[PDB]
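Quick reminder, even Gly has a Cβ in these numbers, built from the backbone with ideal geometry, and neighbours come from all protein chains shown. What follows draws every value from the coordinates through simple rules; no lab data is involved.
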Amino acid sequence: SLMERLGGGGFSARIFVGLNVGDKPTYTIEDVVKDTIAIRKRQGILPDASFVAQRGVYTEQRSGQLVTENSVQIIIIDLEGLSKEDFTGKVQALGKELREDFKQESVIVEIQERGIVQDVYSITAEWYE
Amino acid sequence: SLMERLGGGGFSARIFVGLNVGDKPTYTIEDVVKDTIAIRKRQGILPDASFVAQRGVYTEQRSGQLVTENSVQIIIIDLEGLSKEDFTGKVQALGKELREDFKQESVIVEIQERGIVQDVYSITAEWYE
Amino acid sequence: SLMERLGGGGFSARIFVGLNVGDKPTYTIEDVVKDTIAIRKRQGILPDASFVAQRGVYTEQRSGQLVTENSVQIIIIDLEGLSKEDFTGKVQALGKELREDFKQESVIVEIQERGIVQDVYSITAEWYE
Ligand SMILES: Nc1ncnc2c1ncn2[C@@H]1O[C@H](CSCC[C@H](N)C(=O)O)[C@@H](O)[C@H]1O
Ligand SMILES: Nc1ncnc2c1ncn2[C@@H]1O[C@H](CSCC[C@H](N)C(=O)O)[C@@H](O)[C@H]1O
Ligand SMILES: Nc1ncnc2c1ncn2[C@@H]1O[C@H](CSCC[C@H](N)C(=O)O)[C@@H](O)[C@H]1O
């Protein structure tokens with residue numbers, strides 16, 4: 001076998017997507033897998049990724065209620081050697097669309113370069129209050 | 001949606017908690033979720049976290065027996081902008097209490113700052129020998 | 001309890017192993033656990049590790065087909081204080097053997113030092129074309 005060293009700037013990302021809508025369990029990990037594939041295909045990017053099922057604990061921003069849900073940790077290693085701006089923008093757009101598609105108040109996105117965190121973002125719904 | 005960049009020094013932690021007591025499967029991931037919520041509430045800290053089910057392999061320290069168990073990886077991203085000392089101390093106290101509550105010989109704690117590991121600790125029972 | 005700070009250069013690794021052979025679901029996480037234990041024992045290294053079940057999305061290299069499979073993320077924290085070369089070589093050998101044992105086209109290996117990625121490798125089958 002060949003020991004192919006990955007090129008590029010070593011970008012990766014983690015996205016956390018919950019599966020409750022409010023306090024109601026609603027979605028499944030496979031829903032997130034399929035939606036992520038669909039989004040990334042429309043970006044023209046290699047969709048390859050890992051999806052980890054989790055239990056998540058989250059404090060709702062508006063009410064302060066503490067909720068426990070199933071959630072998904074999406075792990076993306078850039079295998080295409082994208083620029084920082086290209087990779088970051090495509091991951092941010094994916095996170096923003098996942099938030100909409102799953103009716104989420106927040107989606108958390110973490111961008112890394114050689115494992116060093118460049119940015120952690122909370123993508124937050126602007127539902128009118 | 002709003003792309004809220006997380007503030008603070010970028011602290012996060014990982015805690016590994018096994019669910020065997022010795023070679024006996026005993027606990028579940030939901031037990032760890034509930035206990036973690038309870039501990040963190042008593043700390044006055046936001047409990048929000050992710051919990052990943054795993055299979056773990058561990059060599060017992062006293063006997064050298066190799067055990068395979070279910071285990072839990074707790075992932076904590078600091079969203080409150082705590083100081084290094086505050087966050088580190090609260091994570092260490094959580095790990096220490098989890099070790100007691102689940103009758104564990106070891107709990108592993110990893111503290112990161114912008115993804116760079118600051119400390120890896122094994123919290124080890126002092127059972128008399 | 002004792003708060004034992006881990007020594008060494010802080011090496012760790014992640015290995016991603018799929019459970020499809022081509023487009024056919026074939027293996028299970030427990031197969032990977034058992035094979036990893038067996039390999040690491042023959043290396044004379046402490047086998048201790050964590051194994052995370054995942055859903056994985058992968059583009060096949062030769063055909064371009066997009067496949068969704070179950071997969072396993074192996075997380076290895078070096079607790080023995082190995083040298084960089086020793087740890088890296090033993091993780092690479094484990095990844096290479098896992099690729100063979102599970103009839104995989106690719107296995108992904110990531111080596112970290114204090115969380116900073118030193119290398120990401122794709123271990124790729126040289127099946128004759
Ligand atoms: N501080 C933190 N550290 C680690 N994981 C966290 C976290 N805050 C949230 N998470 C993870 O992020 C997931 C989604 S956050 C909450 C989503 C919710 N359903 C909504 O509508 O907004 C959680 O389930 C948890 O797995
Ligand atoms: N070197 C290593 N690298 C990665 N994960 C490890 C590890 N050593 C232990 N772990 C993880 O840490 C978990 C708990 S360690 C063993 C706990 C045991 N039940 C006790 O009573 O002490 C394991 O199940 C495994 O998931
Ligand atoms: N770019 C990427 N980012 C994150 N995870 C990835 C990835 N590419 C692959 N993976 C992970 O790596 C696993 C194995 S890669 C594909 C293995 C396949 N069965 C083969 O025979 O080659 C996938 O299931 C996925 O979990």
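A few points about this structure:
- Lone qualifier among A:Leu46, A:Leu82 - being assigned to a loop (DSSP other than H, G, I, E, B) and facing chain C (nearest Cβ under 9 Å): A:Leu46
- Pairs where the first residue, in the range B:8-25, is under 19 Å from B:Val109 (Cα atoms) and the second is of a type in the set (D, E, K, R) and within 16 Å of ligand 1 (Cβ to nearest atom), C-beta under 7 Å, 6+ apart: B:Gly9/B:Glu113; B:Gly10/B:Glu113; B:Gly10/B:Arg114; B:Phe11/B:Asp78; B:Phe11/B:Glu113; B:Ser12/B:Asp78; B:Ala13/B:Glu110; B:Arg14/B:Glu110
- Among the residues making up the range B:51-101, a single one is in contact with a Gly (Cβ under 7 Å, 6 or more places away or on another chain), surrounded by 20 or more Cβ atoms within 10 Å (Cβ to Cβ) and farther than 26 Å from C:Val72 by Cα: B:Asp78.
- Selected residue (criterion: farthest from the chain's Cα centre (by Cα)) from residues of the range C:60-79 that are within 16 Å of ligand 2 (Cβ to nearest atom) and β-branched (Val, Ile, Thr): C:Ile77
- Qualifying residue in the range B:27-41 (condition: in contact (Cβ under 8 Å) with a residue 60 or more places away in the chain and within 21 Å of A:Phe16 (Cα to Cα)): yes
- Flag if B:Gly56 is over 21 Å from A:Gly64 (Cα atoms) and either of a type in the set (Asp, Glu) or at the interface with chain C (Cβ under 10 Å from one of its Cβ atoms) (or both): yes
- Qualifying residue in the range C:89-101 (condition: within 7 Å of another protein chain (Cβ to nearest Cβ), charged (D, E, K, R) and within 16 Å of ligand 2 (Cβ to nearest atom)): no
- Residues (facing chain A (nearest Cβ under 7 Å), in contact (Cβ under 8 Å) with a residue 24 or more places away in the chain and either surrounded by fewer than 20 Cβ atoms within 10 Å (Cβ to Cβ) or more than 12 Å from the chain's Cα centre (by Cα) (or both)) located in the range C:102-129: C:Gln112, C:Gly115, C:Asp119, C:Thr124, C:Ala125
- The residues of the range A:4-13 that are more than 10 Å from chain C (Cβ to nearest Cβ) and more than 14 Å from ligand 3 (Cβ to nearest atom) amount to a single one, A:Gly9.
- Counted residues, the range B:14-38 - those being more than 9 Å from every other protein chain (Cβ to nearest Cβ) and more than 14 Å from ligand 2 (Cβ to nearest atom): 2
- Every residue from the range B:1-39 that is within 13 Å of ligand 1 (Cβ to nearest atom) and either touching a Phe, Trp or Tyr at 6+ places or on another chain (Cβ under 9 Å) or closer than 17 Å to A:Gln54 by Cβ (or both): B:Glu4, B:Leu6, B:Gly8, B:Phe11, B:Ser12, B:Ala13, B:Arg14, B:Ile15, B:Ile29, B:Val33, B:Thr36, B:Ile37
- When residues in the range A:78-105 are screened for being away from ligand 3 (no atom under 16 Å from the Cβ) and not aliphatic (A, V, I, L, M), 14 of them pass.
- Apart from one condition, A:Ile75 fits all of (1) within 16 Å of ligand 3 (Cβ to nearest atom); (2) within 17 Å of A:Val33 (Cα to Cα); (3) outside any strand (DSSP E or B); the exception is (3).
- Here the range A:10-49 is the region considered, the condition is being within 16 Å of A:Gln92 (Cβ to Cβ) and polar (S, T, N, Q), and the residue that is farthest from the chain's Cα centre (by Cα) is A:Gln43.
- Qualifying position, being within 11 Å of ligand 2 (Cβ to nearest atom) and within 20 Å of C:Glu110 (Cβ to Cβ), among C:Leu82, C:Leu46: C:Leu46
- Residue check for C:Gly18: buried (at least 20 other Cβ atoms within 10 Å of the Cβ), at positive phi, of a type in the set (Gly, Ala, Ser) and in contact with a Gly (Cβ under 9 Å, 6 or more places away or on another chain): no
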